[PDB]
Amino acid sequence: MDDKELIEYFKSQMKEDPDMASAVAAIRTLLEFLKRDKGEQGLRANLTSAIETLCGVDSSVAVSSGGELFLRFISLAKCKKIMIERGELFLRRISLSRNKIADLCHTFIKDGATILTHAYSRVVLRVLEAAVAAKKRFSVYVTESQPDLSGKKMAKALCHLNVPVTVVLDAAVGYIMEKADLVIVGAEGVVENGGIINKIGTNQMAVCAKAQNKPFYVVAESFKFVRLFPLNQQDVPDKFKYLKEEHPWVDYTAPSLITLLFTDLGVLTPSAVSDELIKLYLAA
Amino acid sequence: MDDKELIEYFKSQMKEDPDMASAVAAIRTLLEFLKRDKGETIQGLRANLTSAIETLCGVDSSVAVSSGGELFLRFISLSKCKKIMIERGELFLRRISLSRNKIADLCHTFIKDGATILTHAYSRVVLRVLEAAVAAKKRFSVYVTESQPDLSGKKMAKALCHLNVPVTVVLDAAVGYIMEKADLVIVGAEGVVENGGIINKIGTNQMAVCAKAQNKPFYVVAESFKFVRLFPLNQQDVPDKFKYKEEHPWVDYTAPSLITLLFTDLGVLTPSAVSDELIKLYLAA
């Protein structure tokens, strides 16, 4: 394919199917890029990563961690061009992640709990559905999440499952925290120290949850494990972030503010991520 | 060779060459055990037996021997023609043999002329760094802790004396007292942990904490084969198999936040960027 097609293909993956994660949408356009791309050799390896950056259209961290993991595990090899069969394999495997997670979580959501969440998260929606429809009664609190009000969107989705839900202002997280039992949040990216990059506002929610001793749980797919090691907001690359005005789309939450992470790799405490991440990136 | 035999070989390996890091002696006996070992039907069966002695080389309970050992076994891994593991094993040793000196020179920039350097115990890697610096004709002074219970800092003071370098031996209880007189501290590591922190001879943690409070840079010098797959966040998370032999642990742990920079054979690194090197390391396969 060519740049044009690439983006057009990518954008038309999440638009007709928002259900899908950007990361997953990125490797799909990448399978087609590869497939639809014929005629090489290292040209393939280079022309493929030289366009994976192009999918940067989505400043999403997952596009970056996803692309690498996908790329790394198909490069192991025009007969060698059977990397495609590994791509279908990989895309076939990552499309089971949400589920392993919603399963590793049915236990922590106890009957009668009050969950506090931030913005929209597909994985979070899944976990709660697999809990409600799974004979559990709870209520949720979610921040409206400026600037795209994705929190309201989340709310509506929760209402459709007839789960009691209240929307509050981002400014009201420390106000509503005392009436929460636990907070569940998704991640755009899990960094090498067990911390996470997520929709701006995630950080302060964690700081408040900790001061009130409320467990903070993160629910996210392993293909979100990215090779970055930030220690503060300043370390997060601008590339993922975007009288004066500052509009960071995401922020970083240190691992000490996280209780547990639920991944298709199993439930992990922040200090276990680094070893998993490597034991993940290095797989044949 | 067997256990009794392995240990014998491993000890004499270091007796004959005291200047040799315990981690290199261990991997050398593993190579020797690789050659000397035969009787296949172990295509991957002895890939276990060679581990059944990775442990045995616990006659020296240092993390180095472990992270190094795992590196070796990881590197020499790809028909009994497979004893190409041996020649790979010889390539590896050949490789991790230019580490000390490479670090020594890839580190001369930071040894200012006229400086007062405070170090702890004995580290052959720190010794090569200063030797390099002296040959480079830099004039500096050194303070070293005797480092109980084996007093290995005194052996270090002698080595520096026979190098005509001004060195003063102090009590371990004296690091707080002497800190103000130093420009920087330079220490070695038995193991570099996944978060950029390190495991080193007991006493290291204190020095790092005392150096932080007076803003004296804290530098670590260590070979890459010491990058170990561990992520401790406190003394408790360090395994006892690396501590013993309270009851007198031989090593304490120093958080990354107490480390200014690490000078490795892969170059100078900030503690935070270390975990990525471990991946980049193994990616070398």
# chains A, B, ... in the order shown; residues from 1 in each chain; ligands from 1
>>> closest_atom_pairs(of="chain B", to="chain A", cutoff="9 Å", atoms="only C-alpha atoms", output="CSV")
residue,atom,partner,partner_atom,distance
B:194,CA,A:274,CA,7.3
B:195,CA,A:193,CA,7.4
B:229,CA,A:275,CA,7.0
B:230,CA,A:275,CA,7.5
B:231,CA,A:271,CA,6.7
B:232,CA,A:271,CA,7.9
B:233,CA,A:271,CA,7.8
B:272,CA,A:229,CA,6.4
B:273,CA,A:229,CA,6.6
B:275,CA,A:192,CA,7.4
B:276,CA,A:227,CA,6.9
B:278,CA,A:278,CA,8.0
B:279,CA,A:278,CA,5.9
B:282,CA,A:282,CA,7.4
B:283,CA,A:282,CA,6.9
>>> write_last_selection(atoms="N, CA, C and O atoms", output="compact mmCIF listing (two decimals), in the first residue's frame")
# COMPACT_ATOMS: atom_id res chain seq x y z
N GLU B 194 17.01 -4.85 37.71
CA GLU B 194 16.18 -4.31 36.63
C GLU B 194 15.73 -2.87 36.70
O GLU B 194 15.31 -2.32 35.68
N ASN B 195 15.80 -2.25 37.87
CA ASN B 195 15.36 -0.86 37.99
C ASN B 195 16.51 0.14 38.00
O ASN B 195 16.29 1.33 38.26
N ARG B 229 18.20 -10.55 36.35
CA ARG B 229 16.74 -10.52 36.25
C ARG B 229 16.10 -10.50 37.62
O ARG B 229 15.55 -11.50 38.08
N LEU B 230 16.15 -9.34 38.27
CA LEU B 230 15.55 -9.16 39.58
C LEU B 230 15.06 -7.74 39.66
O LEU B 230 15.63 -6.85 39.03
N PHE B 231 13.99 -7.53 40.42
CA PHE B 231 13.44 -6.19 40.59
C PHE B 231 13.05 -5.97 42.05
O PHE B 231 11.87 -5.97 42.40
N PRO B 232 14.05 -5.79 42.92
CA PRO B 232 13.72 -5.57 44.33
C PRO B 232 13.47 -4.09 44.58
O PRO B 232 14.11 -3.24 43.97
N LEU B 233 12.53 -3.81 45.47
CA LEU B 233 12.20 -2.44 45.81
C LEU B 233 12.67 -2.14 47.22
O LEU B 233 12.53 -1.02 47.70
N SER B 272 17.61 4.58 35.41
CA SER B 272 16.30 4.34 34.77
C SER B 272 16.31 3.64 33.41
O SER B 272 15.42 2.85 33.12
N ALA B 273 17.31 3.94 32.59
CA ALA B 273 17.40 3.33 31.27
C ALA B 273 18.02 1.94 31.27
O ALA B 273 18.19 1.34 30.21
N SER B 275 16.83 -1.10 32.51
CA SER B 275 15.95 -2.22 32.18
C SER B 275 15.83 -2.40 30.67
O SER B 275 15.65 -3.51 30.17
N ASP B 276 15.92 -1.31 29.92
CA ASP B 276 15.82 -1.45 28.49
C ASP B 276 17.08 -2.10 27.89
O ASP B 276 17.02 -2.75 26.84
N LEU B 278 18.73 -4.51 29.28
CA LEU B 278 18.60 -5.95 29.52
C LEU B 278 17.87 -6.60 28.35
O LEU B 278 18.24 -7.68 27.91
N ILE B 279 16.82 -5.93 27.86
CA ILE B 279 16.07 -6.41 26.71
C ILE B 279 17.00 -6.34 25.51
O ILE B 279 17.21 -7.34 24.82
N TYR B 282 19.60 -9.27 25.65
CA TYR B 282 19.09 -10.55 25.17
C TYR B 282 18.70 -10.51 23.69
O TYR B 282 18.86 -11.50 22.98
N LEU B 283 18.20 -9.37 23.23
CA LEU B 283 17.83 -9.26 21.83
C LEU B 283 19.03 -9.63 20.98
O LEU B 283 18.91 -9.85 19.77
>>> residues_around(residues="residue 203 (chain A)", least_positions_apart="2", cutoff="8 Å", atoms="only C-alpha atoms", output="list in words")
residues 200, 201, 205, 206, 207, 251, 252 and 253 of chain A
>>> write_last_selection(atoms="N, CA, C and O atoms", output="short mmCIF file (atom, residue, chain, number, x, y, z; two decimals), in the first residue's frame")
data_model
loop_
_atom_site.label_atom_id
_atom_site.label_comp_id
_atom_site.auth_asym_id
_atom_site.auth_seq_id
_atom_site.Cartn_x
_atom_site.Cartn_y
_atom_site.Cartn_z
N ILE A 200 -5.43 11.93 30.35
CA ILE A 200 -5.17 13.00 31.30
C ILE A 200 -6.23 13.00 32.38
O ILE A 200 -7.42 12.95 32.10
N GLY A 201 -5.79 13.03 33.63
CA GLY A 201 -6.71 13.01 34.74
C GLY A 201 -6.54 11.74 35.54
O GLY A 201 -6.90 11.70 36.71
N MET A 205 -6.40 10.95 40.03
CA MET A 205 -7.38 10.04 40.58
C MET A 205 -6.67 9.00 41.43
O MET A 205 -7.16 8.60 42.48
N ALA A 206 -5.49 8.57 40.98
CA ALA A 206 -4.70 7.59 41.71
C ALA A 206 -4.15 8.16 43.04
O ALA A 206 -4.16 7.49 44.08
N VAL A 207 -3.67 9.40 43.01
CA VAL A 207 -3.15 10.07 44.19
C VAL A 207 -4.25 10.18 45.26
O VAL A 207 -3.99 9.96 46.46
N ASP A 251 -1.35 11.31 30.89
CA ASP A 251 -0.42 11.58 31.99
C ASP A 251 0.12 10.26 32.50
O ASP A 251 -0.38 9.21 32.15
N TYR A 252 1.16 10.31 33.33
CA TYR A 252 1.77 9.09 33.83
C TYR A 252 1.43 8.90 35.30
O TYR A 252 1.35 9.87 36.06
N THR A 253 1.20 7.65 35.66
CA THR A 253 0.87 7.26 37.01
C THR A 253 1.94 6.30 37.45
O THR A 253 2.06 5.21 36.91
#
>>> residues_around(residues="region 25-40 of chain A", least_positions_apart="4", cutoff="9 Å", atoms="only C-alpha atoms", output="PyMOL selection string")
chain A and resi 1-2+5-7+9-14+20-21+44+48+51-52+55+63+66-67+70-71+78+81+83-84+87-88+91
>>> residues_around(residues="residue 255 (chain B)", least_positions_apart="4", cutoff="12 Å", atoms="only C-alpha atoms", output="VMD selection string")
chain B and resid 192 to 200 204 to 206 208 to 209 212 218 231 to 235 237 to 238 259 to 260 271 to 272
>>> closest_residue(among="B:139, B:120, B:280, B:241", to="residue 152 (chain B)", atoms="only C-alpha atoms")
B:120
>>> select_by_dssp(residues="region 24-255 of chain B", states="helix (DSSP H, G or I)", output="number ranges by chain")
B: 24-36, 46-49, 63-75, 80-82, 85-95, 99-105, 108-110, 124-135, 152-161, 172-181, 204-213, 224-226, 235-237, 240-243
>>> residues_around(residues="residue 58 (chain B)", least_positions_apart="2", cutoff="10 Å", atoms="only C-alpha atoms", output="ChimeraX atom specification")
/B:7,26,53-56,60-63,65-66,241-242,245
>>> atom_distance(atom1="CA of residue 195 (chain A)", atom2="CA of residue 254 (chain A)")
4.6 Å
>>> atom_distance(atom1="CA of residue 14 (chain B)", atom2="CA of residue 50 (chain B)")
20.2 Å
>>> atom_distance(atom1="CA of residue 60 (chain A)", atom2="CA of residue 16 (chain A)")
18.6 Å
>>> residues_around(residues="residue 105 (chain A)", least_positions_apart="4", cutoff="12 Å", atoms="only C-alpha atoms", output="MDAnalysis selection string")
chainID A and resid 98:101 109:110 123:132 134 184 217:220 260:264 266:268
>>> write_last_selection(atoms="N, CA, C and O atoms", output="short mmCIF file (atom, residue, chain, number, x, y, z; two decimals), in the first residue's frame")
data_model
loop_
_atom_site.label_atom_id
_atom_site.label_comp_id
_atom_site.auth_asym_id
_atom_site.auth_seq_id
_atom_site.Cartn_x
_atom_site.Cartn_y
_atom_site.Cartn_z
N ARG A 98 -8.85 -9.21 25.89
CA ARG A 98 -9.95 -8.60 26.63
C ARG A 98 -10.62 -9.65 27.49
O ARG A 98 -10.87 -9.44 28.67
N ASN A 99 -10.90 -10.79 26.88
CA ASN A 99 -11.58 -11.86 27.58
C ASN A 99 -10.83 -12.50 28.74
O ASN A 99 -11.43 -12.70 29.79
N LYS A 100 -9.55 -12.83 28.57
CA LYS A 100 -8.79 -13.42 29.67
C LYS A 100 -8.85 -12.48 30.86
O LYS A 100 -8.90 -12.90 32.02
N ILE A 101 -8.81 -11.18 30.55
CA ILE A 101 -8.84 -10.13 31.55
C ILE A 101 -10.18 -10.05 32.27
O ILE A 101 -10.23 -10.13 33.50
N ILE A 109 -14.51 -7.65 41.80
CA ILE A 109 -15.71 -6.82 41.81
C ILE A 109 -16.72 -7.56 42.69
O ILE A 109 -17.39 -8.48 42.24
N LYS A 110 -16.80 -7.15 43.96
CA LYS A 110 -17.70 -7.81 44.90
C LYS A 110 -19.12 -7.25 44.85
O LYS A 110 -19.33 -6.08 44.56
N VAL A 123 -11.84 -2.13 27.69
CA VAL A 123 -11.56 -3.24 28.57
C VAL A 123 -12.35 -3.11 29.88
O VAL A 123 -12.84 -4.11 30.40
N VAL A 124 -12.50 -1.89 30.39
CA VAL A 124 -13.26 -1.69 31.62
C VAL A 124 -14.73 -2.10 31.41
O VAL A 124 -15.32 -2.79 32.25
N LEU A 125 -15.30 -1.67 30.29
CA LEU A 125 -16.68 -2.00 29.94
C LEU A 125 -16.85 -3.52 29.98
O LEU A 125 -17.81 -4.04 30.57
N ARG A 126 -15.91 -4.22 29.35
CA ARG A 126 -15.94 -5.68 29.29
C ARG A 126 -15.98 -6.32 30.67
O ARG A 126 -16.80 -7.19 30.94
N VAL A 127 -15.07 -5.89 31.53
CA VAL A 127 -14.95 -6.41 32.88
C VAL A 127 -16.24 -6.25 33.68
O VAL A 127 -16.65 -7.17 34.40
N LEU A 128 -16.87 -5.09 33.54
CA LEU A 128 -18.10 -4.81 34.27
C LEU A 128 -19.27 -5.60 33.70
O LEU A 128 -20.17 -6.00 34.45
N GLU A 129 -19.27 -5.81 32.39
CA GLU A 129 -20.33 -6.59 31.76
C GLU A 129 -20.18 -8.03 32.25
O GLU A 129 -21.14 -8.65 32.72
N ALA A 130 -18.97 -8.55 32.17
CA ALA A 130 -18.70 -9.91 32.60
C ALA A 130 -18.95 -10.06 34.10
O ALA A 130 -18.85 -11.16 34.64
N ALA A 131 -19.27 -8.96 34.77
CA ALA A 131 -19.54 -9.01 36.20
C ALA A 131 -21.03 -8.84 36.44
O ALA A 131 -21.61 -9.56 37.25
N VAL A 132 -21.65 -7.90 35.74
CA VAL A 132 -23.08 -7.68 35.90
C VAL A 132 -23.81 -8.91 35.38
O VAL A 132 -24.34 -9.70 36.16
N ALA A 134 -22.98 -11.42 34.98
CA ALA A 134 -22.49 -12.57 35.73
C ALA A 134 -23.08 -12.61 37.14
O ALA A 134 -22.43 -13.12 38.06
N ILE A 184 -11.28 1.29 39.01
CA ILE A 184 -10.79 0.45 37.93
C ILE A 184 -10.55 1.39 36.77
O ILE A 184 -11.36 2.25 36.46
N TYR A 217 -7.02 -0.28 40.59
CA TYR A 217 -6.73 -1.41 39.71
C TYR A 217 -6.70 -1.00 38.27
O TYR A 217 -7.54 -0.21 37.83
N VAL A 218 -5.72 -1.52 37.53
CA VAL A 218 -5.62 -1.20 36.13
C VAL A 218 -5.91 -2.45 35.34
O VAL A 218 -5.43 -3.53 35.67
N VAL A 219 -6.71 -2.30 34.30
CA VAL A 219 -7.09 -3.41 33.44
C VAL A 219 -6.60 -3.16 32.01
O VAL A 219 -7.13 -2.29 31.32
N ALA A 220 -5.61 -3.92 31.55
CA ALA A 220 -5.08 -3.68 30.21
C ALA A 220 -4.33 -4.84 29.57
O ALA A 220 -3.65 -5.60 30.26
N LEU A 260 -2.87 -3.32 41.61
CA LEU A 260 -2.73 -4.49 40.76
C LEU A 260 -3.11 -4.20 39.33
O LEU A 260 -3.93 -3.31 39.06
N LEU A 261 -2.51 -4.94 38.40
CA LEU A 261 -2.85 -4.81 36.99
C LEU A 261 -3.40 -6.16 36.54
O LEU A 261 -2.84 -7.22 36.87
N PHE A 262 -4.50 -6.11 35.78
CA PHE A 262 -5.08 -7.32 35.26
C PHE A 262 -4.80 -7.40 33.77
O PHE A 262 -5.27 -6.57 32.99
N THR A 263 -4.01 -8.39 33.39
CA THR A 263 -3.63 -8.57 31.99
C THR A 263 -3.84 -10.00 31.52
O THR A 263 -3.98 -10.91 32.34
N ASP A 264 -3.86 -10.19 30.20
CA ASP A 264 -4.03 -11.52 29.62
C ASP A 264 -2.87 -12.41 30.06
O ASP A 264 -2.90 -13.62 29.82
N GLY A 266 -2.02 -12.50 33.27
CA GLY A 266 -2.28 -12.81 34.67
C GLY A 266 -2.26 -11.54 35.49
O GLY A 266 -1.79 -10.51 35.02
N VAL A 267 -2.77 -11.62 36.72
CA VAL A 267 -2.79 -10.47 37.61
C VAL A 267 -1.38 -10.14 38.08
O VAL A 267 -0.68 -11.00 38.60
N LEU A 268 -0.96 -8.88 37.90
CA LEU A 268 0.39 -8.46 38.27
C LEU A 268 0.45 -7.24 39.19
O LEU A 268 -0.35 -6.32 39.06
#
>>> residues_around(residues="residue 115 (chain A)", least_positions_apart="4", cutoff="7 Å", atoms="only C-alpha atoms", output="list in words")
residues 139, 140, 141, 180, 181, 182, 183 and 184 of chain A
>>> decode(residues="region 132-250 of chain B", atoms="C-alpha atoms", output="PDB file, in the first residue's frame")
ATOM      1  CA  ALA B 132      43.758   3.716  34.009  1.00  0.00           C
ATOM      2  CA  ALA B 133      43.407   7.173  35.540  1.00  0.00           C
ATOM      3  CA  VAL B 134      46.905   7.045  37.063  1.00  0.00           C
ATOM      4  CA  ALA B 135      48.560   5.889  33.862  1.00  0.00           C
ATOM      5  CA  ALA B 136      46.647   8.808  32.306  1.00  0.00           C
ATOM      6  CA  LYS B 137      48.619  10.879  34.823  1.00  0.00           C
ATOM      7  CA  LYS B 138      45.637  12.261  36.739  1.00  0.00           C
ATOM      8  CA  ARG B 139      46.350  13.231  40.358  1.00  0.00           C
ATOM      9  CA  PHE B 140      43.589  12.254  42.758  1.00  0.00           C
ATOM     10  CA  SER B 141      43.194  11.051  46.337  1.00  0.00           C
ATOM     11  CA  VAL B 142      41.278   8.123  47.833  1.00  0.00           C
ATOM     12  CA  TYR B 143      39.349   7.196  50.976  1.00  0.00           C
ATOM     13  CA  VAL B 144      38.311   3.547  51.422  1.00  0.00           C
ATOM     14  CA  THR B 145      36.295   1.720  54.101  1.00  0.00           C
ATOM     15  CA  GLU B 146      37.949  -1.367  55.654  1.00  0.00           C
ATOM     16  CA  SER B 147      34.640  -3.115  55.010  1.00  0.00           C
ATOM     17  CA  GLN B 148      34.085  -5.681  57.786  1.00  0.00           C
ATOM     18  CA  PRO B 149      33.949  -8.653  58.305  1.00  0.00           C
ATOM     19  CA  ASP B 150      36.630  -9.731  55.836  1.00  0.00           C
ATOM     20  CA  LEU B 151      38.400  -6.356  55.716  1.00  0.00           C
ATOM     21  CA  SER B 152      38.620  -6.431  51.898  1.00  0.00           C
ATOM     22  CA  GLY B 153      38.994  -2.624  51.775  1.00  0.00           C
ATOM     23  CA  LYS B 154      42.421  -2.918  53.339  1.00  0.00           C
ATOM     24  CA  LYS B 155      43.523  -5.282  50.550  1.00  0.00           C
ATOM     25  CA  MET B 156      42.230  -2.554  48.221  1.00  0.00           C
ATOM     26  CA  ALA B 157      44.230   0.136  50.010  1.00  0.00           C
ATOM     27  CA  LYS B 158      47.399  -1.882  49.498  1.00  0.00           C
ATOM     28  CA  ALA B 159      46.725  -2.293  45.763  1.00  0.00           C
ATOM     29  CA  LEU B 160      46.322   1.464  45.453  1.00  0.00           C
ATOM     30  CA  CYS B 161      49.426   2.119  47.560  1.00  0.00           C
ATOM     31  CA  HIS B 162      51.529  -0.123  45.287  1.00  0.00           C
ATOM     32  CA  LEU B 163      50.225   2.245  42.618  1.00  0.00           C
ATOM     33  CA  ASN B 164      51.570   5.231  44.505  1.00  0.00           C
ATOM     34  CA  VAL B 165      48.095   6.658  45.059  1.00  0.00           C
ATOM     35  CA  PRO B 166      47.260   8.596  48.268  1.00  0.00           C
ATOM     36  CA  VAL B 167      44.754   6.444  50.152  1.00  0.00           C
ATOM     37  CA  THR B 168      43.299   6.525  53.676  1.00  0.00           C
ATOM     38  CA  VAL B 169      41.520   3.550  55.247  1.00  0.00           C
ATOM     39  CA  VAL B 170      38.508   4.384  57.392  1.00  0.00           C
ATOM     40  CA  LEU B 171      36.051   2.501  59.599  1.00  0.00           C
ATOM     41  CA  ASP B 172      32.674   1.559  58.073  1.00  0.00           C
ATOM     42  CA  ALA B 173      31.218   3.603  60.923  1.00  0.00           C
ATOM     43  CA  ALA B 174      33.093   6.567  59.447  1.00  0.00           C
ATOM     44  CA  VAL B 175      31.394   7.107  56.060  1.00  0.00           C
ATOM     45  CA  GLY B 176      29.156   9.834  57.466  1.00  0.00           C
ATOM     46  CA  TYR B 177      32.120  11.482  59.098  1.00  0.00           C
ATOM     47  CA  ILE B 178      34.330  11.510  56.006  1.00  0.00           C
ATOM     48  CA  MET B 179      31.747  12.252  53.290  1.00  0.00           C
ATOM     49  CA  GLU B 180      32.207  16.056  53.426  1.00  0.00           C
ATOM     50  CA  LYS B 181      35.837  15.552  52.384  1.00  0.00           C
ATOM     51  CA  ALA B 182      34.952  13.749  49.182  1.00  0.00           C
ATOM     52  CA  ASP B 183      34.148  15.026  45.676  1.00  0.00           C
ATOM     53  CA  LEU B 184      32.450  11.839  44.505  1.00  0.00           C
ATOM     54  CA  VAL B 185      32.090   8.136  45.347  1.00  0.00           C
ATOM     55  CA  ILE B 186      32.824   5.293  42.910  1.00  0.00           C
ATOM     56  CA  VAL B 187      31.698   1.775  43.646  1.00  0.00           C
ATOM     57  CA  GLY B 188      31.371  -1.577  41.900  1.00  0.00           C
ATOM     58  CA  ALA B 189      28.390  -3.941  41.845  1.00  0.00           C
ATOM     59  CA  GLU B 190      27.853  -7.654  42.295  1.00  0.00           C
ATOM     60  CA  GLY B 191      24.619  -7.276  40.399  1.00  0.00           C
ATOM     61  CA  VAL B 192      22.695  -4.605  38.531  1.00  0.00           C
ATOM     62  CA  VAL B 193      18.971  -4.998  39.128  1.00  0.00           C
ATOM     63  CA  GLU B 194      16.180  -4.307  36.633  1.00  0.00           C
ATOM     64  CA  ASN B 195      15.355  -0.859  37.993  1.00  0.00           C
ATOM     65  CA  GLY B 196      18.890   0.496  37.727  1.00  0.00           C
ATOM     66  CA  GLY B 197      19.556  -0.282  41.369  1.00  0.00           C
ATOM     67  CA  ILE B 198      22.372  -2.559  42.513  1.00  0.00           C
ATOM     68  CA  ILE B 199      23.354  -5.342  44.861  1.00  0.00           C
ATOM     69  CA  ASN B 200      26.767  -4.893  46.419  1.00  0.00           C
ATOM     70  CA  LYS B 201      28.932  -5.626  49.426  1.00  0.00           C
ATOM     71  CA  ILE B 202      27.033  -4.755  52.624  1.00  0.00           C
ATOM     72  CA  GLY B 203      27.684  -1.108  53.485  1.00  0.00           C
ATOM     73  CA  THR B 204      27.094   0.282  49.981  1.00  0.00           C
ATOM     74  CA  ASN B 205      23.538   1.417  50.729  1.00  0.00           C
ATOM     75  CA  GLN B 206      24.673   3.672  53.614  1.00  0.00           C
ATOM     76  CA  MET B 207      27.356   5.331  51.577  1.00  0.00           C
ATOM     77  CA  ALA B 208      24.884   6.001  48.782  1.00  0.00           C
ATOM     78  CA  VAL B 209      22.406   7.510  51.289  1.00  0.00           C
ATOM     79  CA  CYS B 210      25.096   9.638  52.899  1.00  0.00           C
ATOM     80  CA  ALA B 211      26.363  10.764  49.481  1.00  0.00           C
ATOM     81  CA  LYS B 212      22.863  11.741  48.430  1.00  0.00           C
ATOM     82  CA  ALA B 213      22.338  13.961  51.481  1.00  0.00           C
ATOM     83  CA  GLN B 214      25.453  16.001  50.616  1.00  0.00           C
ATOM     84  CA  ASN B 215      24.910  15.865  46.860  1.00  0.00           C
ATOM     85  CA  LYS B 216      28.073  14.031  46.006  1.00  0.00           C
ATOM     86  CA  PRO B 217      27.629  12.137  42.750  1.00  0.00           C
ATOM     87  CA  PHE B 218      27.449   8.350  43.163  1.00  0.00           C
ATOM     88  CA  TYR B 219      28.980   6.296  40.309  1.00  0.00           C
ATOM     89  CA  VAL B 220      28.768   2.574  39.671  1.00  0.00           C
ATOM     90  CA  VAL B 221      31.172   0.613  37.507  1.00  0.00           C
ATOM     91  CA  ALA B 222      30.093  -2.805  36.321  1.00  0.00           C
ATOM     92  CA  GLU B 223      30.226  -5.311  33.493  1.00  0.00           C
ATOM     93  CA  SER B 224      27.030  -6.092  31.580  1.00  0.00           C
ATOM     94  CA  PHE B 225      27.080  -9.773  32.505  1.00  0.00           C
ATOM     95  CA  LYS B 226      26.053  -8.542  35.946  1.00  0.00           C
ATOM     96  CA  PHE B 227      22.672  -7.326  34.687  1.00  0.00           C
ATOM     97  CA  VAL B 228      20.431  -9.660  36.707  1.00  0.00           C
ATOM     98  CA  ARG B 229      16.744 -10.522  36.254  1.00  0.00           C
ATOM     99  CA  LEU B 230      15.553  -9.158  39.583  1.00  0.00           C
ATOM    100  CA  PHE B 231      13.440  -6.189  40.592  1.00  0.00           C
ATOM    101  CA  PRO B 232      13.724  -5.570  44.327  1.00  0.00           C
ATOM    102  CA  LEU B 233      12.200  -2.440  45.810  1.00  0.00           C
ATOM    103  CA  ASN B 234      13.710  -2.950  49.264  1.00  0.00           C
ATOM    104  CA  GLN B 235      16.170  -5.028  51.256  1.00  0.00           C
ATOM    105  CA  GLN B 236      13.451  -7.618  51.897  1.00  0.00           C
ATOM    106  CA  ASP B 237      13.069  -8.390  48.174  1.00  0.00           C
ATOM    107  CA  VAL B 238      16.669  -9.496  47.838  1.00  0.00           C
ATOM    108  CA  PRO B 239      16.820 -13.321  48.071  1.00  0.00           C
ATOM    109  CA  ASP B 240      18.675 -14.916  50.978  1.00  0.00           C
ATOM    110  CA  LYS B 241      20.621 -17.164  48.606  1.00  0.00           C
ATOM    111  CA  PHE B 242      22.524 -14.016  47.624  1.00  0.00           C
ATOM    112  CA  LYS B 243      22.745 -12.573  51.137  1.00  0.00           C
ATOM    113  CA  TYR B 244      24.184 -15.209  53.413  1.00  0.00           C
ATOM    114  CA  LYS B 245      27.496 -17.056  53.430  1.00  0.00           C
ATOM    115  CA  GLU B 246      21.377  -9.768  61.415  1.00  0.00           C
ATOM    116  CA  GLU B 247      23.068 -13.088  60.674  1.00  0.00           C
ATOM    117  CA  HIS B 248      25.291 -10.850  58.612  1.00  0.00           C
ATOM    118  CA  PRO B 249      24.118 -10.416  55.027  1.00  0.00           C
ATOM    119  CA  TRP B 250      26.989  -9.899  52.591  1.00  0.00           C
TER     120      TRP B 250
END
